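Listed next as structure tokens is one chain, alone, in the form deposited in one PDB entry.
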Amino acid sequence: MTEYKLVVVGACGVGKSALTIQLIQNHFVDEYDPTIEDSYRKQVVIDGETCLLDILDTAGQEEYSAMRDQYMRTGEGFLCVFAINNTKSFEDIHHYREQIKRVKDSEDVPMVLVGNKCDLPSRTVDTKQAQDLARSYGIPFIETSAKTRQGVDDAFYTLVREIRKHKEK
């Protein structure tokens, strides 16, 4: 079956691991070492297609930069995650967007912008500001909560749909 290589990127603390574990295992893990980087797999049906999601939960700097370049080149779509209560993590999206395009040497890379922790009333990034950024990139924007599961399937399944649209060209 088709496998989709997804990569979850974003500043430390935004909820990359929590989102991935919620997607894969259907529970909220509120404490997971920020320095652990690992891949997870799940076989799902998306729009009638039985497929495999092969998801890299990134954790930032690698032993060697070649390891980062390798996962960006092999990755097919990227969840660019910020936390709605951390403005610096939102600003960091500019860096991730650029770095992925730079490594893949492509202006057309499937991505989805994810604003996580939307169960918290505490918010420094309003939806309008995040929509502005996603509009500038021409990518979807989804607010999520790894805690409540809101938006979680939508974020990952939308990324698969973005990969499909890229492939058909």
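Numbering starts at 1 and follows the sequence shown.
Asker: Which is higher on average in the deposited entry, the C-alpha temperature factors of 26-34 or of 130-138?
Answerer: Between 130-138 and 26-34, it is 26-34 that shows the higher mean C-alpha B-factor.
Asker: Given the B-factors recorded for C-alpha atoms, which segment has the greater mean, 140-148 or 115-123?
Answerer: Per the PDB entry, the higher value belongs to 115-123.
Asker: If you rank every modelled residue in this chain by C-alpha B factor, which third holds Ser106: lowest, middle or highest?
Answerer: Top third by C-alpha B-factor.
Asker: Among the modelled residues of its chain, does the C-alpha B-factor of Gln61 lie in the lowest, middle or highest third?
Answerer: It belongs to the middle third of the chain when residues are ordered by C-alpha B-factor.
Asker: Should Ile46 be placed in the lowest, middle or highest third of its chain by the C-alpha B factor in the entry?
Answerer: Highest third, going by the recorded CA B-factors of the chain.
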